[PDB]
Every structure is written in structure tokens, then in C-alpha cells.
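Engineer: The structure under discussion is supplied below as C-alpha cells; questions concerning it will follow.
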Amino acid sequence: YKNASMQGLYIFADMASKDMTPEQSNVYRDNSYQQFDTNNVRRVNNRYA
Amino acid sequence: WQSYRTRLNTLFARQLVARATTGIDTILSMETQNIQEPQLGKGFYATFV
């Protein structure tokens with residue numbers, strides 16, 4: 001997942017969403033990895049601060 | 001009746017229902033209150049500071 005390509009979106013309280021720009025999806029990717037699943041394991045995710 | 005005009009109807013009641021359907025924060029947010037109505041008649045809008 002290090003330097004992986006990821007997609008994503010933001011969902012707001014108003015049930016509407018915006019795409020994540022890759023510049024940001026890469027930030028969440030870098031800060032939140034080790035939460036991502038891999039084959040043969042399942043991970044419990046947690047909040048992002 | 002004069003230069004005074006007023007709006008007698010709304011054309012977006014359907015949108016309000018559609019937004020209430022998806023949650024309290026949709027229907028009570030600011031975007032909801034920005035649903036636009038067409039202007040009433042010959043005239044224009046202007047900003048006065």
C-alpha cells in the first residue's frame with residue numbers, strides 16, 4: 001500500500017459526496033495504512049484524526 | 001399592485017420532500033435554503049452596498 005493508487009470519496013452529513021482528489025487520497029493512504037486489509041487478514045479500522 | 005410584487009407559489013416542493021427523505025441535516029442545512037425560484041416578472045436583481 002506504500003505508494004499505492006487508491007480511490008475515495010467524502011460523505012458529508014448532508015447525504016452528498018465529493019470525490020477525493022488523489023493528492024489527498026494519498027495522504028489518508030499514508031497516514032492510515034496498517035488498517036488496510038490484506039489477503040489472509042481482516043483489520044478493524046479506526047477513526048482518522 | 002404597485003411596483004410591489006409578491007410570490008404566490010413554489011416550484012420546488014418536490015425537492016424538499018426528496019431532501020427530507022435522506023435526513024435531518026439535509027433538510028435543515030443551508031443548501032436547502034438556497035433552492036432557487038425564478039424571478040417574478042420583468043425586472044432584474046441588483047446589489048446595493
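By order of appearance in the C-alpha cells: chains A, B, ..., then residues from 1 within every chain, and ligands from 1 in the order shown.
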Pull out every residue of chain B sitting within 9 Å of chain A, counting only C-alpha atoms, and send them as a PDB file with N, CA, C and O atoms, in the first residue's frame.
Structural biologist:
```pdb
ATOM      1  N   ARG B  19     -35.241  15.893  -0.145  1.00  0.00           N
ATOM      2  CA  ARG B  19     -34.163  16.110   0.789  1.00  0.00           C
ATOM      3  C   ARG B  19     -34.525  15.639   2.187  1.00  0.00           C
ATOM      4  O   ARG B  19     -33.703  15.027   2.859  1.00  0.00           O
ATOM      5  N   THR B  22     -33.741  11.992   3.055  1.00  0.00           N
ATOM      6  CA  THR B  22     -32.421  11.476   3.328  1.00  0.00           C
ATOM      7  C   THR B  22     -31.823  11.946   4.665  1.00  0.00           C
ATOM      8  O   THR B  22     -30.649  11.688   4.943  1.00  0.00           O
ATOM      9  N   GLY B  23     -32.597  12.642   5.505  1.00  0.00           N
ATOM     10  CA  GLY B  23     -32.065  13.042   6.818  1.00  0.00           C
ATOM     11  C   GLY B  23     -32.302  14.481   7.266  1.00  0.00           C
ATOM     12  O   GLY B  23     -32.440  15.410   6.468  1.00  0.00           O
ATOM     13  N   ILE B  24     -32.230  14.678   8.578  1.00  0.00           N
ATOM     14  CA  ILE B  24     -32.466  15.982   9.165  1.00  0.00           C
ATOM     15  C   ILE B  24     -31.462  17.023   8.755  1.00  0.00           C
ATOM     16  O   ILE B  24     -31.812  18.183   8.566  1.00  0.00           O
ATOM     17  N   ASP B  25     -30.232  16.612   8.539  1.00  0.00           N
ATOM     18  CA  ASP B  25     -29.209  17.568   8.218  1.00  0.00           C
ATOM     19  C   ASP B  25     -29.253  18.003   6.789  1.00  0.00           C
ATOM     20  O   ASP B  25     -28.558  18.942   6.416  1.00  0.00           O
ATOM     21  N   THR B  26     -30.046  17.342   5.973  1.00  0.00           N
ATOM     22  CA  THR B  26     -30.102  17.732   4.599  1.00  0.00           C
ATOM     23  C   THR B  26     -31.152  18.788   4.556  1.00  0.00           C
ATOM     24  O   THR B  26     -30.921  19.935   4.163  1.00  0.00           O
ATOM     25  N   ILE B  27     -32.305  18.446   5.100  1.00  0.00           N
ATOM     26  CA  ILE B  27     -33.413  19.363   5.036  1.00  0.00           C
ATOM     27  C   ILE B  27     -33.163  20.631   5.817  1.00  0.00           C
ATOM     28  O   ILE B  27     -33.638  21.672   5.406  1.00  0.00           O
ATOM     29  N   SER B  29     -30.191  22.144   6.316  1.00  0.00           N
ATOM     30  CA  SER B  29     -28.952  22.860   6.075  1.00  0.00           C
ATOM     31  C   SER B  29     -29.170  24.105   5.260  1.00  0.00           C
ATOM     32  O   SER B  29     -30.303  24.504   4.968  1.00  0.00           O
TER      33      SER B  29
END
```
Engineer: If you run DSSP on the backbone here, which positions in chain A get alpha helix (DSSP H)? Please write them as a PyMOL selection string.
Structural biologist: chain A and resi 22-31
Engineer: Would you save the residues from that selection as a PDB file, in the first residue's frame, using N, CA and C atoms?
Structural biologist:
```pdb
ATOM      1  N   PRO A  22      -6.682  12.751  -5.720  1.00  0.00           N
ATOM      2  CA  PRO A  22      -5.593  11.843  -5.405  1.00  0.00           C
ATOM      3  C   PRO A  22      -4.533  12.494  -4.542  1.00  0.00           C
ATOM      4  N   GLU A  23      -4.416  13.806  -4.596  1.00  0.00           N
ATOM      5  CA  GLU A  23      -3.437  14.434  -3.747  1.00  0.00           C
ATOM      6  C   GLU A  23      -3.780  14.179  -2.286  1.00  0.00           C
ATOM      7  N   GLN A  24      -5.074  14.118  -1.964  1.00  0.00           N
ATOM      8  CA  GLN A  24      -5.499  13.882  -0.606  1.00  0.00           C
ATOM      9  C   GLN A  24      -5.657  12.413  -0.335  1.00  0.00           C
ATOM     10  N   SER A  25      -6.070  11.633  -1.335  1.00  0.00           N
ATOM     11  CA  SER A  25      -6.313  10.230  -1.030  1.00  0.00           C
ATOM     12  C   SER A  25      -4.992   9.586  -0.653  1.00  0.00           C
ATOM     13  N   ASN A  26      -3.894  10.131  -1.187  1.00  0.00           N
ATOM     14  CA  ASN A  26      -2.554   9.679  -0.886  1.00  0.00           C
ATOM     15  C   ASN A  26      -2.161  10.016   0.548  1.00  0.00           C
ATOM     16  N   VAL A  27      -2.773  11.036   1.124  1.00  0.00           N
ATOM     17  CA  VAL A  27      -2.442  11.439   2.467  1.00  0.00           C
ATOM     18  C   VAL A  27      -3.107  10.499   3.411  1.00  0.00           C
ATOM     19  N   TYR A  28      -4.365  10.191   3.138  1.00  0.00           N
ATOM     20  CA  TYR A  28      -5.053   9.296   4.028  1.00  0.00           C
ATOM     21  C   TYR A  28      -4.391   7.939   3.891  1.00  0.00           C
ATOM     22  N   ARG A  29      -4.002   7.575   2.671  1.00  0.00           N
ATOM     23  CA  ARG A  29      -3.318   6.324   2.426  1.00  0.00           C
ATOM     24  C   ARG A  29      -2.075   6.206   3.283  1.00  0.00           C
ATOM     25  N   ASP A  30      -1.248   7.252   3.295  1.00  0.00           N
ATOM     26  CA  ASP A  30      -0.014   7.207   4.048  1.00  0.00           C
ATOM     27  C   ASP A  30      -0.219   7.241   5.553  1.00  0.00           C
ATOM     28  N   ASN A  31      -1.177   8.029   6.015  1.00  0.00           N
ATOM     29  CA  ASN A  31      -1.401   8.164   7.441  1.00  0.00           C
ATOM     30  C   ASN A  31      -2.160   7.004   8.068  1.00  0.00           C
TER      31      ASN A  31
END
```
Engineer: Could you state the separation of CA of residue 33 in chain B and CA of residue 16 in chain B in Å, given to one decimal place?
Structural biologist: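 One can read the CA of residue 33 in chain B to CA of residue 16 in chain B distance as 9.5 Å.
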Engineer: Would you pick out the contacts of residue 41 in chain B at 12 Å or less, using only C-alpha atoms, so that residues sharing its chain but fewer than 6 positions from it are not included, and give the list as a list in words?
Structural biologist: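 Listed by chain and then number, they are residues 3, 4, 5, 6 and 7 of chain B.
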Engineer: Restricted to C-alpha atoms, what would the selected residues look like written as a PDB file, in the first residue's frame?
Structural biologist:
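Okay, result-v1.pdb is ready:
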```pdb
ATOM      1  CA  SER B   3     -44.011  48.405  -8.002  1.00  0.00           C
ATOM      2  CA  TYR B   4     -44.625  45.846  -5.362  1.00  0.00           C
ATOM      3  CA  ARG B   5     -44.896  42.255  -6.415  1.00  0.00           C
ATOM      4  CA  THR B   6     -45.065  39.081  -4.349  1.00  0.00           C
ATOM      5  CA  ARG B   7     -44.706  35.373  -4.979  1.00  0.00           C
TER       6      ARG B   7
END
```
Engineer: When you count only C-alpha atoms, which of these residues is closest to residue 37 in chain A: A:8, A:17, A:49, A:1?
Structural biologist: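 Distance minimum relative to residue 37 in chain A lands on A:1.
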Engineer: What gap, in Å, lies between CA of residue 32 in chain B and CA of residue 18 in chain B?
Structural biologist: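 CA of residue 32 in chain B sits 10.7 Å away from CA of residue 18 in chain B.
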Engineer: I'd like the contact shell of residue 36 in chain A - 8 Å cut-off, only C-alpha atoms, skipping same-chain residues fewer than 4 positions apart - returned as a list in words.
Structural biologist: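 Using only C-alpha atoms, the neighbours found are residues 32, 43 and 45 of chain A.
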Engineer: Give me a file of those residues, with C-alpha atoms, as a tab-separated table (two decimals), in the first residue's frame.
Structural biologist:
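The file below, selection24.tsv, is the result:
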```
chain	number	residue	atom	x	y	z
A	32	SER	CA	-3.91	5.32	7.77
A	43	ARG	CA	-8.40	-5.43	10.18
A	45	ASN	CA	-10.46	0.14	11.19
```
Engineer: Just how far from CA of residue 33 in chain A is CA of residue 6 in chain A, in Å to one decimal?
Structural biologist: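 Calculated distance between CA of residue 6 in chain A and CA of residue 33 in chain A is 11.5 Å.
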